[PDB]
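Novice: before I ask anything, here's the sequence and the deposited coordinates:
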Protein chains: 4
Amino acid sequence: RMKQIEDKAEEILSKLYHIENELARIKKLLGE
Amino acid sequence: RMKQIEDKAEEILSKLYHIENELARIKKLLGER
Amino acid sequence: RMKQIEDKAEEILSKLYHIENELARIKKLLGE
Amino acid sequence: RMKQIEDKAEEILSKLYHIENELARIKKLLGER
């Protein structure tokens, strides 16, 4: 009930990791 | 709060898709670019 | 108690808006 | 959960500072770049 807030939280974390992979690709296309 | 927490969770998710999609566009622009 | 989870949530939203301003600057430096 | 929710909130924040800082570095690289 709460348990559901946590689920949301997990889901959030997961988009942030996907954002990190995007930036890893962008960084290389530039030349970091 | 609660009705409230899940209103903020949605704005957050919704913001997160907007960010992923701006990043996807930039990545595709380089490529090239 | 919960009330504190909301506070966190607000804080999260706020970094996402700051990320959006960063990307607005990056987009212009490129030429979107 | 709770002990738990605020463990996930922290990882999330911590991830969010990492993202802001990668973006800041990219922005500074262009500039230029």
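Specialist: In hand now; what should we look at? Residues are numbered from 1 along each chain as shown, chains lettered A, B, ... in the order given.

Novice: return the distance of the nearest residue to residue A:13 once chain neighbours are set aside relative to residue A:26.
Specialist: Distances taken as CB to CB, 6 or more residues apart in numbering or on different chains put residue D:12 closest to residue A:13, at 5.6 Å, once the chain neighbours are dropped. Backbone N, C-alpha and C define where each C-beta goes, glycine included. To residue A:26, residue D:12 is 21 Å away according to CB to CB, to the nearest Å.

Novice: related to what we said a few turns ago, would you agree the residue nearest to residue A:13 is in contact with residue A:11?
Specialist: No - Residue D:12 lies out of contact with residue A:11 (CB atoms under 8 Å); the separation is 10.5 Å.

Novice: those two: who's more crowded?
Specialist: Higher neighbour count among residue D:12 and residue A:11: residue D:12, with 21 against 13, using other CB atoms under 10 Å in any protein chain shown.

Novice: which residues touch the more buried one?
Specialist: Taking CB atoms under 8 Å, 6 or more residues apart in numbering or on different chains, we find residue D:12 in contact with A:9, A:12-13, A:16, C:12.

Novice: could I get those as CSV with secondary structure?
Specialist: Shown next, in CSV, are those (DSSP: H, G, I helix; E, B strand; the rest coil):
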residue, secondary structure
A:9, helix
A:12, helix
A:13, helix
A:16, helix
C:12, helix
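
Novice: sec struct for residue A:27, please.
Specialist: From three-state DSSP, the assignment for residue A:27 is helix.

Novice: check residue A:32 too.
Specialist: coil.

Novice: mind pulling up the phi and psi values for residue A:2?
Specialist: phi 150, psi -70 (degrees, to the nearest 10).
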